[PDB]
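> Pasting a structure below so you can have a look.
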Amino acid sequence: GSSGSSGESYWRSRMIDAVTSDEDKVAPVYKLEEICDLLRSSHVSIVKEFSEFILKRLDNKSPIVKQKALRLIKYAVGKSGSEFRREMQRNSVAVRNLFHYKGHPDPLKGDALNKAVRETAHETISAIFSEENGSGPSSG
């Protein structure tokens, strides 16, 4: 239009970083939903941008950073829109690649940091390839 495809920003990455930061502590929900808010408020050219910042977090070298994305993703997948859900489907392999993540143990937390990744990825795929009212007739 006036504004068009012309609509990138660097700041949107900072929101994903804020909720994926490198500590044994977790982000509150309200910081997650801000990302979900922007993507509804924003065009496809912005979903593209955002989705990569979220996805490339599974490609990041820490237990924590990954698990944090796996709490964020599903929450936004079931809120944002058509564009965003399929952009997660384009890049879902990275999440899937964590179903059996291990890496190395902690002196106190033991396996818990890496295990927290390894389970949460399943729930994430349960949202990436969610179906519109797709349970109900499911049994077991």
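Residues are referred to by chain and number: the chain letter is A, B, ... according to the order shown in the structure tokens, the number counts from 1 in that chain, and ligands are numbered separately from 1 in the order shown.
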Tell me, as a list in words, which residues lie within 12 Å of region 100-113 of chain A, counting only C-alpha atoms; anything in the same chain fewer than 5 positions away does not count.
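After dropping sequence-adjacent residues, the list is residues 22, 23, 24, 25, 26, 58, 61, 62, 63, 64, 65, 66, 67, 68, 94, 95, 118, 119, 120, 121 and 122 of chain A.
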> For residue 52 (chain A), work out the shell of residues within 10 Å, counting only C-alpha atoms and skipping chain neighbours fewer than 6 positions away, then give it as a PDB file with N, CA, C and O atoms, in the first residue's frame.

```
ATOM      1  N   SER A  13      12.294  -9.476  17.627  1.00  0.00           N
ATOM      2  CA  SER A  13      13.177 -10.537  18.089  1.00  0.00           C
ATOM      3  C   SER A  13      13.368 -10.435  19.610  1.00  0.00           C
ATOM      4  O   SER A  13      13.314 -11.448  20.312  1.00  0.00           O
ATOM      5  N   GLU A  87       3.421 -21.483   9.515  1.00  0.00           N
ATOM      6  CA  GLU A  87       4.844 -21.150   9.650  1.00  0.00           C
ATOM      7  C   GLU A  87       5.550 -22.017  10.698  1.00  0.00           C
ATOM      8  O   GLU A  87       6.714 -22.378  10.508  1.00  0.00           O
ATOM      9  N   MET A  88       4.846 -22.427  11.755  1.00  0.00           N
ATOM     10  CA  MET A  88       5.357 -23.422  12.690  1.00  0.00           C
ATOM     11  C   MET A  88       5.427 -24.797  12.008  1.00  0.00           C
ATOM     12  O   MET A  88       6.431 -25.491  12.149  1.00  0.00           O
ATOM     13  N   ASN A  91       8.517 -25.621   9.975  1.00  0.00           N
ATOM     14  CA  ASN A  91       9.796 -25.595  10.685  1.00  0.00           C
ATOM     15  C   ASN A  91       9.721 -26.430  11.970  1.00  0.00           C
ATOM     16  O   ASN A  91      10.333 -26.103  12.984  1.00  0.00           O
TER      17      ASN A  91
END
```
> Please determine, counting only C-alpha atoms, which residue among A:74, A:86, A:96, A:79 has the shortest atom-to-atom distance to residue 123 (chain A).
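So, comparing all the options, the nearest one is A:74.
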> Which one is closest to residue 35 (chain A): A:60, A:138, A:21, A:51? Count only C-alpha atoms.
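With only C-alpha atoms as the atom set, the closest residue is A:51.
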> What is the CA of residue 10 (chain A) to CA of residue 97 (chain A) distance in Å?
27.5 Å
> Let me make sure I understand: among A:19, A:90, A:115, A:98, which one has the smallest atom-to-atom distance to residue 69 (chain A) if we use only C-alpha atoms?
A:19
> Residues near residue 3 (chain A), anyone? I mean within 12 Å using only C-alpha atoms, not counting same-chain ones fewer than 5 positions away, as a list in words.
residues 8, 43 and 45 of chain A
> For N, CA, C and O atoms, I'd like the residues from the last selection saved as a PDB file, in the first residue's frame.

```
ATOM      1  N   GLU A   8       9.607  -4.507   8.064  1.00  0.00           N
ATOM      2  CA  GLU A   8      10.448  -5.247   8.999  1.00  0.00           C
ATOM      3  C   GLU A   8      10.739  -4.408  10.250  1.00  0.00           C
ATOM      4  O   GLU A   8      10.655  -3.171  10.212  1.00  0.00           O
ATOM      5  N   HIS A  43       0.822  -8.201   9.979  1.00  0.00           N
ATOM      6  CA  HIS A  43       0.665  -8.862   8.686  1.00  0.00           C
ATOM      7  C   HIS A  43       1.520 -10.130   8.560  1.00  0.00           C
ATOM      8  O   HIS A  43       2.327 -10.431   9.441  1.00  0.00           O
ATOM      9  N   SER A  45       4.072 -10.649   6.585  1.00  0.00           N
ATOM     10  CA  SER A  45       5.479 -10.248   6.524  1.00  0.00           C
ATOM     11  C   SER A  45       6.126 -10.146   7.921  1.00  0.00           C
ATOM     12  O   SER A  45       7.347 -10.070   8.053  1.00  0.00           O
TER      13      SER A  45
END
```
